[PDB]
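Asker:
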Ligand SMILES: [Ca+2]
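Numbering (mature numbering (1 follows the signal peptide of the UniProt record, and there is no 0)), first residue to last: 4 to 130.
This is the structure we're talking about:
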């Protein structure tokens with residue numbers, strides 16, 4: 004993997020501490036040939052959590068159901084075969100359609116307004 008990135012299951016990951024809304028976070032990843040990260044297993048979830056410091060900082064990941072409620076998509080076009088929703092989540096309301104991880108005391112996923120500023124996780128295949 005390139006310098007500051009970390010490898011896991013054929014992909015490289017990076018924690019971007021900069022506070023950005025979802026769209027800016029995705030744009031920031033694209034500048035590096037990446038996408039906000041998709042997560043497909045508890046093993047991957049744990050690996051990414053280890054990139055967010057001892058505080059497990061709330062972070063944007065690349066999933067949303069912003070087009071049609073309840074229809075979730077990852078920006079890297081991989082399948083939605085895993086989720087780590089907090090209790091009662093997701094709300095599926097189009098007004099809070101971007102996935103945020105490391106949310107609350109449970110450090111789980113919560114769909115939230117995409118305009119909120121958060122750190123983020125970027126990922127891209129290993130070359
Ligand atoms: Ca929510």
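Using N, Cα and C, we set each Cβ at its ideal position, and we do this for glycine too.
Rounded C-beta distance between residue 116 and residue 14? I'm assuming under 8 Å.
Answerer: No, residue 116 and residue 14 are not in contact; Cβ-Cβ is about 28 Å, not under 8 Å.
Asker: According to DSSP, what are the bridge partners of residue 22?
Answerer: In the DSSP output, where bridge partners are listed per residue, residue 22 has none listed.
Asker: Have a look at residue 17 and residue 83 and give me their C-alpha separation to the nearest angstrom.
Answerer: 21 Å
Asker: Among 51, 46, 6 and 11, which residue has its Cα nearest to the Cα of residue 35?
Answerer: Answer by Cα proximity: 6.
Asker: Residue 104: buried (16+ other C-beta within 10 angstroms of its C-beta) or exposed?
Answerer: buried
Asker: Any heavy atom of ligand 1 closer than 8 Å to the CB of residue 61?
Answerer: Remark: the C-beta of residue 61 is outside contact range of ligand 1, defined as less than 8 Å to any heavy atom.
Asker: Flag this pair as touching only if the stretch 71–80 and the stretch 46–60 have three or more C-beta atom pairs under 8 Å; answer yes or no.
Answerer: no
Asker: Just checking my contact of residue 60 with residue 39 at CB under 8 Å: how many whole Å lie between their CB atoms?
Answerer: Incorrect: roughly 15 Å between the Cβ atoms, too far for contact.
Asker: Taking DSSP's pairing of strands, which residues face residue 65 in a bridge?
Answerer: According to DSSP, which records beta bridges pairwise, residue 65 is partnered with nothing at all.
Asker: Hey, out of 19, 118, 37 and 86, whose CA is closest to residue 98's CA?
Answerer: 118
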